[PDB]
2 protein chains.
Amino acid sequence: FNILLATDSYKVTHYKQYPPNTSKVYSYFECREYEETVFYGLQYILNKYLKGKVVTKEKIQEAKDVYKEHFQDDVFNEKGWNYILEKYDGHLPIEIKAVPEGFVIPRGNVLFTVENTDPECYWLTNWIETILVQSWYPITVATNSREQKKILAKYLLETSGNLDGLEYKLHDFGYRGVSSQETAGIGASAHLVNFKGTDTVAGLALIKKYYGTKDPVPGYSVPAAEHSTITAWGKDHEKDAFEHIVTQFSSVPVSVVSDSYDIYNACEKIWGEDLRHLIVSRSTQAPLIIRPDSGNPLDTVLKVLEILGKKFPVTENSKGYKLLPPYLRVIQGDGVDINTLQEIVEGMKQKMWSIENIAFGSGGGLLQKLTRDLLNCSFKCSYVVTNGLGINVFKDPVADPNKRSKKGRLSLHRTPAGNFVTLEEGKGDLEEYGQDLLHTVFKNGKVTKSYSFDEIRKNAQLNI
Amino acid sequence: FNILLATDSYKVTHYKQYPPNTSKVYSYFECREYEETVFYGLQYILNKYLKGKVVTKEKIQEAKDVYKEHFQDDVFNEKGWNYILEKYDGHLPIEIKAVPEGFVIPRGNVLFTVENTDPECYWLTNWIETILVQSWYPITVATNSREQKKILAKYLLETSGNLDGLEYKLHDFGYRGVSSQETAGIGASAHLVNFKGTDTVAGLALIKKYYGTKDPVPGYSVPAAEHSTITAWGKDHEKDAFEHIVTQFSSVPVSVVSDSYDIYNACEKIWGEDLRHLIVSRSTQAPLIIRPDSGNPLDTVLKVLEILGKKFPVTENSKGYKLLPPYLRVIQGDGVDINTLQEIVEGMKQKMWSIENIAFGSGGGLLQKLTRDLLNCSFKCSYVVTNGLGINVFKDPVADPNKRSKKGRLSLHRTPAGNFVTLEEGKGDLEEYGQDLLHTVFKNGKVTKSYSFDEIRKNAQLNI
Ligand SMILES: NC(=O)c1ccc[n+]([C@@H]2O[C@H](COP(=O)(O)O)[C@@H](O)[C@H]2O)c1
Ligand SMILES: NC(=O)c1ccc[n+]([C@@H]2O[C@H](COP(=O)(O)O)[C@@H](O)[C@H]2O)c1
Ligand SMILES: [Mg+2]
Ligand SMILES: [Mg+2]
Ligand SMILES: [Mg+2]
Ligand SMILES: [Mg+2]
C-alpha cells in the first residue's frame, strides 16, 4: 500500500491551484442534513493507512512513474513528498480531531476535522480526503444497523415486555453480497457495534486488531444448513437431510433451510409430523430454527407461523401475543432490509405473533445496498491561512442550498438542553458552550487517542 | 489473509451435513434471468486468494481457536484442513472451469463451475462459494459501465456521425464513494474494461499486477479543480482562482469546477466575459472543461450549454447539431448514473446539442450503488456423487420459480445460430452442440489459463 497512490487523481494537481502563500488548509467531515449517525471506523483507517512512516524514497519514485504515464505530464509534487520524508521520516504532518467512536450525533454536525501542522504541507490536508471520506461506509452500516435495532426493540418490547435476546435478532448474512474481502471486514465490524450475531467471519479479526474486546470474540454464530447440504440428499430425501442435520447438532441451536422444494410442506408435514419427535425433545438452549428463504418475506413468515402454531403447542404470553414452544424458532433471511424488517414485525404484531418467535438474517440490505448519499457524507475545506491571515471559506451553490458548507474553524458542543451544536467561525473559543467534544486522535503520524470496541458499543447503545 | 477464516460461518459446519460417502460436490455460478453480462474478475480472486499454499499449520490453529469461541463449540474441520496441508502441501484440490474474461454472455448461463478433485475434499467446493461469489461485483461494475457505453455510443453516433473519444466520455469519480480501498481497485478496474478515463488510481496497480496491459497504464486523467482549490481564494476571488488554475495548466486539458457560488454567473460573466481571452486562445488538445456540480443534472447541463453558446462561437456539425469551439467542453459529474446519463443525452439531442460537447463523471452510481441482486448472481450445487453414484441436484422453491437452479453437470455452447446455451444433466457429452466454451482456469492450487487486460477489453467490445 502506497498513500501516494491512494487519492483521487485530480488531487495530485491541487498543490498548484491553492492561493500562493497558503500555510494552512483546514477541512471537516459531516453527515449533511436517519436523524442521527453512529460515528465509527476512523480508527481502522488511521492505523491501517495513515500512521507511522508512510512515505519512502521507493513510494515517491513509484508514484512519480505512475503519474507521468497517467497524466501524460510531470505534474506530481515530488518536492512536497520528499520534504515529508526527509523532515519527518515519512510521518504525515497532519492533525485529526474527532468525536469519540460510537458517539451518536445528529445530522449536520462536525464529526472530524483535518489540518496540516507544517506550513509546507498545506496541500496534504485534502490529499487524504479520499481515504478519510471512506469512513462514510462504517458510519452508514453502523447507523443503519442501529436503526433496525430500534425497530426490533420497539416491537419486541410491545409484544413481550422485555428486550431479552435483542442483540441476536439481526444476523449478518452479507459476506458474499459485498464488493470485497476488505469491505466484508469493515461492514461486519460496524454491524457488531449493535448486534452479536454474524456469519461474516472477516469482522472478527478486524475488531481484534484495530479495536479490541474483553470477550474472546465480538460476534457469534450457530450451525446452519444451506441448499447444497439439503439438496445433495436428492429431491425425494429432504426428510433424511433434515433428520441427519438436527441429529448432528442435537445439543446446540441449529438453523435449517426448509424452502428447497416447498416450504409449506416442509413445515406442516416434515417438521410438523414426520420429524416432530426430534423437535419437541429439544432444549430451550438448543432450538430448531426453521428458515424460509423465498417468497414474499411477510406472507411467507406469517404462513409459516400459522402452520407451526397448528402443529406445535402455542402459548400466550403476558402481553397477549402467541409464542411457539422454546425448542422452535424461525429466521427470515431472504429479502431483509430496514423497510421489509419493519413490514414483517408490524405484520406479525397485527396477527398477534410475539417478536420473540422471529429473528432476521440480512446480507445485501445490511452491508451493500448503501451509499455515501444516504447520510450525505461530505468532506469540505472551511478555513485557510494565506499571508498569515485566516479566512473562513465555504461553498454555497446557487441551485442547491443543501450543498452549502460550514464556515471557519469548527467545534462540537453540548447545548444547555443536552443536544449538540457545531460552532462555526472559531466561536467555540469564546467558551460559552463548554468543552469541544472533538479530541485529537492523530498528530504527526501517531495515533494519539484510541477506543476499545467495548467503549464503542457502550457509546452507541440505544436509549432504552 | 487466511482462507480458513474467509467463508460464511455456517459453512464451517457443512462437512457434517452432506450425505455420508459423498465424494464429489459440483457447483456453478450464473447471473440468473441488463440481458447480457461482461464476465470479469475471477482471475483477480484466483491469484490473490486461491492459488498456491493457502493452508499452513498456523492458519489451521488460528481458525481452530477463533471458531471455538465463535460457535462456543468444536465444529471446525481441523482434520480436513490438515489433510490438505499434508497431502497437497496446502494447495487446494479444486478444479474451476470458466468462460473467458471479457466475454459478453446472456443471463441464465453457466459462467464458471467448481468441483473437488479429491474425494476427501467434497466439503471444500462450497467452502469457497463466499469468496468466489464476490465476483458479482466486478461482473456488475463491468456490465453496468458497458451499458452506459452503449447509450453514449448511440447518441454520439447519432449527433456527430462517429464515436471519436467515446472511451473518455465517462470518467470514474468513485474512489471516495466506495466502501473500501480494495473495492476501489476492483471496481475501477472493471470500469476500465470499457473506458479509459479514471480518477480512481487504485485500479491501475490492480490491472498491472493481475491482468497486464501493452500500455504503461490502462487509464488516464487530467488536471482538475475541486471546491477547496476554488473556495480557498475567498468568495470575492473566484475569478483569481479560475485565472491561476487555467494558466497553471495552459497546455493540457483542465477541468474547472464552476458552481462554488453561482454556476450561471461563472459561465456567463467569469468565463464568458472576464476570462474569455484565456479560453479562446487554448489548443484543441488542451480544452477548458467547465464542470457544473449541483442542481438538476439535466436542467443544469442545458442552461450551461445555452449560456456558453451565447458567449462563444458555436458551429453546426454535419449532422445538424450545435458544437462548442474545440477549446471548450463541459463535464457533468454530479448525480450521474445510468438513468440520469440517458436523460441528459436525450435532453441534449432534443435541444440539438451534439454529445461531442459533453463528458460525464460518475462515482457512487458507477462503483457503489450496485448489488448482487441487480444481475441475480447465484452459486449453487447442481451435481453430487454419493456411494459412487452421480445425481443431478437443484432447488426449486414453490413460491419463487426465479430461484430454480440448474440440474447436473453443465457446459456452455454456441447454438447453430451463434447464440449461447447452457446444457444441463451432462448432455454436453452428446456433442450435438460442439465443444464446451468453459476452460479450466484453476486446478490443484494452480492457475491454468489466464487473460491479459488487452484480451479482456477486446472481448468486451460493443457490436458497433
Ligand atoms: N447462516 C445462514 O443461514 C446464511 C449465511 C450467509 C448467507 N446466507 C444466505 O444469504 C442470502 C441473503 O442474501 P442477501 O440478503 O444478500 O440477498 C439468504 O438467502 C441466505 O440463503 C445464509
Ligand atoms: N476530477 C474530478 O472532478 C472529481 C474526481 C473525483 C470526485 N469528484 C467529485 O465526486 C462527486 C461525485 O460523487 P458521486 O458520483 O459518488 O456522488 C462529484 O460531485 C465531484 O465533485 C470529482
Ligand atoms: Mg439463500
Ligand atoms: Mg439471493
Ligand atoms: Mg462534488
Ligand atoms: Mg456529493
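Quick note: numbers on chain B are straight from Swiss-Prot, i.e. 9-41, 54-484, in order.
Heads up, the Cβ atoms here are built off N, Cα and C, so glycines get one too.
Features of the protein shown, as given by Swiss-Prot:
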- B:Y188: phosphotyrosine (MOD_RES)
- B:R196, B:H247, B:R311: diphosphate binding site (BINDING)
- B:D219, B:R311, B:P312, B:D313, B:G353, B:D354, B:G384, B:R392: beta-nicotinamide D-ribonucleotide binding site (BINDING)
- B:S472: phosphoserine (MOD_RES)
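A coil conformation is recorded for B:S472 (phosphoserine) in the three-state DSSP classification, outside any helix or strand. Chain A comes close to B:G384, B:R392, taken from the recorded positions B:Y188, B:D354, B:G384, B:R392 by a C-beta to C-beta distance under 8 angstroms.
Straight-line distance between the Cα atoms of B:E41 and B:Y54 is 9 Å, even though 12 residues between them have no modelled coordinates. Straight-line distance linking the Cα atoms of B:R311 (diphosphate binding site) and B:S472 (phosphoserine), rounded to a whole number, equals 35 Å. Closest by Cα distance to B:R196 (diphosphate binding site), from the recorded positions B:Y188, B:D219, B:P312, B:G353, is B:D219.
Closest to B:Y188 (phosphotyrosine) in space, going by CA atoms and restricting to the binding-site residues B:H247, B:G353, B:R392, is B:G353. B:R311 (diphosphate binding site) falls within a strand segment according to DSSP.
On the backbone, the CA of B:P312 (beta-nicotinamide D-ribonucleotide binding site) and the CA of B:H247 (diphosphate binding site) stand 11 Å apart. Cα of B:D219 (beta-nicotinamide D-ribonucleotide binding site) to Cα of B:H247 (diphosphate binding site): a span of 16 Å. Binding-site extent for diphosphate: residues B:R196, B:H247, B:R311, maximum pairwise Cα distance 19 Å (rounded to the nearest whole number). Per Cα geometry, B:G384 is the residue among the binding-site residues B:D313, B:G353, B:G384 nearest to B:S472 (phosphoserine). Most Cβ neighbours within 10 Å among the binding-site residues B:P312, B:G353, B:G384: this distinction goes to B:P312.
Cα of B:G353 (beta-nicotinamide D-ribonucleotide binding site) to Cα of B:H247 (diphosphate binding site): a distance of 13 Å. A coil conformation is recorded for B:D354 (beta-nicotinamide D-ribonucleotide binding site) in the three-state DSSP classification, outside any helix or strand.
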